[PDB]
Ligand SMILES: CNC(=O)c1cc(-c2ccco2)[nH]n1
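To begin, one chain is listed below as structure tokens, in the form deposited without the ligand.
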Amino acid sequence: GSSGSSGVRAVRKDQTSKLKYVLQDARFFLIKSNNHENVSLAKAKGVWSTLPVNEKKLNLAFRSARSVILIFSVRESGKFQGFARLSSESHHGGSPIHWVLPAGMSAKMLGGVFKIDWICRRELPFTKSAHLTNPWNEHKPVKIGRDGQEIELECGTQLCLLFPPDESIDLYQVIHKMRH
């Protein structure tokens, strides 16, 4: 072409910005489970069911805030099981999947189903997360917490970056839907 005179001010070439953007000013929610079957199933169908309180909570925080991240952490596992940003609120169409509940919990408590878009199909050892500190409690590490505990911004962010690079998921598509 022609007339391409431009004074560059800054150059970039990484896949961390988009990732940190999809959660830019978003609310992180730490969800703990009691089995791997749930995680796998959630990653297979691409959904995740939970108590009603958590559903309405995420919905309000979602419409009230930008995005809602959900870090998956397995108890007695010694590492995370990945994560996923709430691509949308819950649902109540047909019916939920045949989740794997114990001999006591009721599927009716799970309420509806949520649509999570797994951005990272990998794992993360607690060793890499063994350093962060969530001031939203008592300056304690992220390794400490229960199911359904809010997390700061820096905490969740760093925790996410820790995860390995993904080359089997469309990250841009997650940002394109937002802008449009």
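All residue numbers refer to positions in the sequence shown, first residue = 1.
Below: the form solved in complex with the ligand, not depicted.
Visitor: If you check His131, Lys32, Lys140, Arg121 against the ligand in the deposited bound form, which one has a heavy atom within 4.5 Å?
Guide: If I apply the 4.5 Å criterion carefully, the residue I get is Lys32.
Visitor: With a 4.5 Å heavy atom cut-off, would you call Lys79 a contact of the ligand in the deposited bound form?
Guide: Although the ligand is absent here, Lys79 would stay clear of it in the deposited bound form, with no heavy atoms inside 4.5 Å.
Visitor: With the cut-off set at 4.5 Å between non-hydrogen atoms, does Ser49 touch the ligand in the deposited bound form?
Guide: Contact check for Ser49: yes, within 4.5 Å of the ligand in the deposited bound form.
Visitor: Taking any heavy atom pair closer than or equal to 4.5 Å as contact, tell me whether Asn38 reaches the ligand in the deposited bound form.
Guide: The answer is yes: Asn38 has a heavy atom within 4.5 Å of the ligand.
Visitor: For the spot marked by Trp99, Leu110 and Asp147, is every residue within 4.5 Å of the ligand in the deposited bound form through some heavy atom?
Guide: Every listed residue reaches the ligand in the deposited bound form, so yes.
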